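Participant:
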Amino acid sequence: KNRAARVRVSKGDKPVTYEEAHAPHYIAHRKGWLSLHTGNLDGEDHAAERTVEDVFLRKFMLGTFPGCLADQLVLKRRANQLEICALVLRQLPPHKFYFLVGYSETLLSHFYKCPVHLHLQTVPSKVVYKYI
Amino acid sequence: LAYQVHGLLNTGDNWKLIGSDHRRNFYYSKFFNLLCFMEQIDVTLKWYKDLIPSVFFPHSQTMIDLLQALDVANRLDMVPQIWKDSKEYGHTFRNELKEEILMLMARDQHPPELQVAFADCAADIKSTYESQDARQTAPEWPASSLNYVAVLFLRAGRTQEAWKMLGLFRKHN
Amino acid sequence: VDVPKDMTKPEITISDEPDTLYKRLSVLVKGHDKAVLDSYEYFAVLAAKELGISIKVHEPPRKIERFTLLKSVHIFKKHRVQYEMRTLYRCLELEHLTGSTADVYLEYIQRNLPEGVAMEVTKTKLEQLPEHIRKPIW
Amino acid sequence: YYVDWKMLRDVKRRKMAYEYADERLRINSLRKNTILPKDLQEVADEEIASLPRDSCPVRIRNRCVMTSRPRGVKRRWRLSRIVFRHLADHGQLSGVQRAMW
Amino acid sequence: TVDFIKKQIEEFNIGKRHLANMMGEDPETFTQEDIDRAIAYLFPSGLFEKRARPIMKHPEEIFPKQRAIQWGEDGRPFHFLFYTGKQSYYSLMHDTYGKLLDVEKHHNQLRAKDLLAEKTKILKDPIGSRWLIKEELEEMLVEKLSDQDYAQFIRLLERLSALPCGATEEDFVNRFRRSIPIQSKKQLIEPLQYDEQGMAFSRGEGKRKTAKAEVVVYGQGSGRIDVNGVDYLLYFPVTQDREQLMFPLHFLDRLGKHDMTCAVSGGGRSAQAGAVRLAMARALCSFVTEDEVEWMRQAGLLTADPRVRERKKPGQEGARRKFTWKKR
Amino acid sequence: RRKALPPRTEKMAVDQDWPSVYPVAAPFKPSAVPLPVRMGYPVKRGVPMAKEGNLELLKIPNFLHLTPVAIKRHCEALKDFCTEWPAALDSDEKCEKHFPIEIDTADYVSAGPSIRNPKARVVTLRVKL
Amino acid sequence: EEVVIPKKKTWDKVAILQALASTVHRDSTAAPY
Ligand SMILES: [Mg+2]
Ligand SMILES: [Mg+2]
Ligand SMILES: [Mg+2]
Ligand SMILES: [Mg+2]
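First to last, the sequence lines map onto chains L, H, A, V, W, S and B.
Using the entry's author numbering, the first residue of the first sequence is number 36, and each one after it goes up by one.
Using the entry's author numbering, the first residue of the second sequence is number 434, and each one after it goes up by one.
Using the entry's author numbering, the first residue of the third sequence is number 52, and each one after it goes up by one.
Using the entry's author numbering, the first residue of the fourth sequence is number 28, and each one after it goes up by one.
Using the entry's author numbering, the first residue of the fifth sequence is number 70, and each one after it goes up by one.
Using the entry's author numbering, the first residue of the sixth sequence is number 51, and each one after it goes up by one.
Using the entry's author numbering, the first residue of the seventh sequence is number 55, and each one after it goes up by one.
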């Protein structure tokens, strides 16, 4: 039985978001890619550097915003600028959110030597697609 | 004279020389107050929407000036919308602004269609008094505030609501 | 009603250097999703028509890259999980485009490029013969 | 810390190769040409073999940058086959989808 | 959920106005097709599932049909069959059965009066009439049904439709009628083309097993075929391949009455020979009468061959063959 | 605690100009888009999810900043930075007559911190003898 | 000759955005950027 990136059925009491409710074979059929960049095109180079940078942001954003992150990030790379779109719960006061936004934008920009955009959308709770 | 000053500010990049945040708030404070009575309310509302809240947040006294313009212009139908915008503009718990709105709505009798609109606004004002953030230190209900709210819920076909208001006069003396 | 009066201040210094003439300019956009490229073509065509370029749009055939990886982390070599990377193509040809018009059209096109696509430009600049060839030297 | 001692050894090996890359190329040119005298080529073989062992391009090993799996690594993404599926099945790699035809 | 539908209706009209405002069109004629082409542009979703793309339509068409409230404030059910579980289906059955008795009573009275003014209108074959599908019927009564219930209802209509038909009954019956689309297997005859004093030349397209053939046939020449600039005999040394080219012409007894030139690319000797055979069959339909075109289809000339090479599955020696299976 | 303000969609005018809201390419903000848009595969008996809190509408590269109303306004302002192609060079045959040398060059744009592509140094010079 | 090569136009690398910036004005309902 396949087990890749799946949530198992357990009665009807466990909420599941849209991303987690679809099996990996549904990619490019019902759900898109969480990251989009040129590296994985046909005749384009520089695909390994993008991948390692992508993984680091998955680990940095998850740790910078403990508990208040809703689901996976969305990373868009246009020109040389990097846009990070996130869903954040209503946990921290707005003062701390702007502190972390300012902290993240400056630290990443001076680390990857590229401008960084950080756009946040706030939701009251995790969005439930099935079960519950 | 003010339009020439404001017209100069909007030419090219001269808007960057307005000053700091408090200077910007003060600059628009005096300018917006002039827009209330010196010009027709039809154009004053247009400047009210454009300047607020995109550029600056109105002060409590600035809201009073806007209320005076509406009263002179013989237009009280916009009062419920002003209170709704007042809460959004950080004036949810301003005692000075609450008294002015309540007095204006209940100053004179109104047709039933307009009276219901004031009753809905008054009920929202009544809820704000219930959930004041100053209840930790001291909650105060003004004598005038209770009177106008009780009078307001009479002519809007809300006689049942008026009955609950009778007992508030004796409770608050 | 209140608007910033005359908020435009660009300068275009017309020098004396002759402009560069391009015989034909080719733009080839490549991406993963057809819908983005379909919308991007409409944006490029609409902007090109307004500038008066008389462009032609054609779709080159797509190519698909496939590779196979093992399924489990130990033995079980009779079960495979495959993957596929799809690159869809779209070409926009430009003809009789001057150098000055080329610079603005490309930079306007490039700045509005979606995140999931990239493009290649093939510019066929034309010019006269070299001085040595033109000037008779045996 | 790299993920394993083996990965650390590879970094030292790659670093040493880069330092002696040009020097090896110049000497190796003499050996691979038959127009020079045979006496000079024999001396070149002694010098090229006197260089440190780690400064050899063939000794460089391609591993995964995440888990350092010595084999089963795609050269394009520099990732192990297990890690590549882990990233691709979650949709975290652009343009990578399950093949169906 | 009556109010929730009402809220969706009003905001969709407001939302449509905004979409027309930004698109720079006339909001009075911002039709649904215009909405779809606008949405597909603003949000370019590349997804293979047609139902997973962004949508903004009439909430009545989007939200499923909902049951209305079945009882008043005092709890009394509005309909008189609410306690049967399925009020809508049984009310339809009760009305349908009642119409049969009325028709039977009316027919009995007519027989008493010795008059037969009704005719059987069940036969709607030229229109192509079919009864409601179970899925369609469930969306008309807004209630789930079962196979046994559906079959019983349809058979009852047949009894109603087999009796003398009245005007009121036919309107009742026709609500349950559906029209099939036009069914036909005739091909579209390509009209003859004339070009540069050239008379009676037609063009055909054929494809078989990764091999496309382009055949243009002239009706004013002798019997010869020029494939890729060379004679067909040189290009098709195999006797079987030259038999394939004969097959269309020999079937029509016009072996030497047509001059052709062909251009076929890709595939092997047999793939090209089959492709050229297919292209001639379609290109020769112009010169042949319609009746023999049907004869052409019955012989299999005009139907494309769907047999293409399959893939190789991962873990098997070939398309179907698997590795040796050692039991122990 | 802190509450959630109503979205600006309510205060959005009916006839306000859209491109002023989105001057540059920005991600889909549910509060900043008056359009009620739903996407995502629906439940067995239901409707696709709403525009608030939906990731499917966030992955897509939006084209709200390139509306046809904005495109005409954008392009018309750019018409200053242009010069006309000489009218005498209408037919392609005349282009060869007056200019017998054509040169092919390539420039590549890709998403990343570097622009250096080693395939951009090629030059193709074609001359009609 | 019947062909006249037009003279090129030279502009700074940031002036192109300011041309587009002129078309877009401030937004009434938008919070500060
Ligand atoms: Mg270990
Ligand atoms: Mg040797
Ligand atoms: Mg090796
Ligand atoms: Mg075999």
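Virtual Cβ for every residue (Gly too), placed ideally from N, Cα, C.
1. I'd like to confirm something about residue 129(V): is its beta-carbon nearer than 7 Å to some heavy atom of ligand 1, or not?
2. Which residues, in chain order, sit with a beta-carbon under 7 Å away from any heavy atom of ligand 4?
3. Confirm the yes/no value for this check: CB of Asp-31(V), any heavy atom of ligand 1, distance under 7 Å.
4. Is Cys-331(W) helix, strand or coil by DSSP?
5. Quick check: is the beta carbon of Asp-31(V) nearer than 8 Å to any beta carbon in chain L?
6. Going by DSSP in three states, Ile-119(L) sits in which element: helix, strand or coil?
7. When the distance is taken between beta carbons, is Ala-156(S) closer than 8 Å to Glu-171(A)?
8. Report the three-state DSSP secondary structure of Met-511(H) (helix, strand or coil).
9. When you compare only the Cα positions, how much space is there between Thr-279(W) and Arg-378(W)?
10. So with Cβ pairs under 8 Å, would you call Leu-128(S) a contact of chain B?
11. Evaluate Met-471(H) with the Cβ neighbour count: other Cβ atoms within 10 Å of its Cβ, from every protein chain shown; 16 or more gives buried, anything less gives exposed.
12. Hey, is the region 77 to 88 of chain V in contact with the region 32 to 52 of chain V, meaning 3+ C-beta pairs nearer than 8 Å?
13. Go ahead and pull the three-state DSSP assignment for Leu-69(L).
14. Counting pairs of beta carbons, one from the region 186 to 205 of chain W and one from the region 134 to 145 of chain W, are three or more of them closer than 8 Å?
15. Relative to the C-alpha of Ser-355(W), which candidate in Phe-270(W), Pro-317(W) and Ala-368(W) has its C-alpha closest?
16. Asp-70(A): which of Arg-185(A), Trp-189(A), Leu-177(A) and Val-96(A) sits nearest, CA to CA?
17. Just to confirm the assignment, what range does the beta strand (DSSP E) spanning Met-170(A) have?
18. Would you say the beta carbon of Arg-40(V) is closer than 7 Å to some non-hydrogen atom of ligand 3?
19. Please name the residues in the region 165 to 177 of chain A whose beta-carbon is closer than 7 Å to at least one beta-carbon of chain L, in chain order.
20. Report the option in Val-51(L), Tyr-53(L), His-72(L) and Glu-54(L) whose CA atom is closest to the CA atom of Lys-111(L).
21. Quick one, which residues of the region 123 to 139 of chain A are near chain L if we go by CB-CB under 7 Å, in chain order?
22. Can you list the residues of chain A that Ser-114(W) reaches, using a CB-CB cut of under 8 Å?
23. With DSSP as the reference, label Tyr-72(S) as helix, strand or coil.
24. Within the 8 Å Cβ cut-off, does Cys-103(L) reach chain S?
25. Return the CA-CA distance between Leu-72(A) and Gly-115(W), expressed in angstroms with no decimal places.
26. Beta-carbon of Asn-75(L) versus every beta-carbon of chain A: anything under 8 Å?
27. With distance defined between alpha-carbon atoms, name the residue in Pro-317(W), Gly-273(W) and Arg-323(W) nearest to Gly-290(W).
28. At 4 residues or longer, what runs of the alpha helix (DSSP H) sit wholly inside the region 202 to 280 of chain W?
29. Going along the chain, which residues of the region 138 to 167 of chain S sit with their C-beta nearer than 7 Å to a C-beta in chain B?
30. Is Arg-88(V) close to ligand 3? I mean its beta-carbon at under 7 Å from any heavy atom of the ligand.
31. Cβ of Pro-129(L) within 8 Å of Cβ of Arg-52(S)?
32. Would the beta-carbon of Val-100(V) be found less than 7 Å away from any heavy atom of ligand 3?
33. Find the residues of chain A that neighbour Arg-41(L), judging by a C-beta separation of less than 8 Å, and give them in chain order.
34. Using DSSP with H/G/I as helix, E/B as strand and the rest coil, what is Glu-532(H)?
35. In whole angstroms, give me the CA-to-CA distance for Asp-105(W) and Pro-544(H).
36. Quick check for students: name the residue ranges of the alpha helix (DSSP H) that lie wholly in the region 102 to 160 of chain W, counting only runs of 4 or more.
Facilitator: Let me lay it out:
1. Residue 129(V) lies beyond the residue range present for chain V, which begins at 28 and ends at 128; the question has no answer from this structure.
2. Listed by chain position, these are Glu-386(W), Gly-387(W) and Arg-390(W).
3. Answer for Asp-31(V): yes, Cβ within range of ligand 1.
4. strand
5. no
6. strand
7. yes
8. coil
9. Their backbone Cα atoms lie some 9 Å apart in a straight line.
10. Yes, contact with chain B.
11. exposed
12. yes
13. coil
14. Result no; under three Cβ-Cβ pairs closer than 8 Å.
15. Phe-270(W)
16. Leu-177(A)
17. 168 to 178
18. no
19. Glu-166, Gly-167 and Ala-169
20. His-72(L)
21. Within the region 123 to 139 of chain A, the qualifying residues are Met-136 and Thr-138.
22. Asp-84 and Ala-86
23. Of the three classes helix, strand and coil, the one that applies to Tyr-72(S) here is coil, per DSSP.
24. no
25. 38 Å
26. yes
27. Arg-323(W)
28. At a cut-off of 4 residues, the continuous stretches assigned as alpha helix (DSSP H) that sit fully inside the region 202 to 280 of chain W are 203 to 207, 216 to 231 and 236 to 243.
29. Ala-138, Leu-139 and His-148
30. yes
31. yes
32. Residue side-chain check: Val-100(V) keeps its Cβ at 7 Å or more from all non-hydrogen atoms of ligand 3.
33. Per Cβ cutoff of 8 Å: no residues; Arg-41(L) is ~14 Å from chain A at best.
34. helix
35. 47 Å
36. 128 to 131
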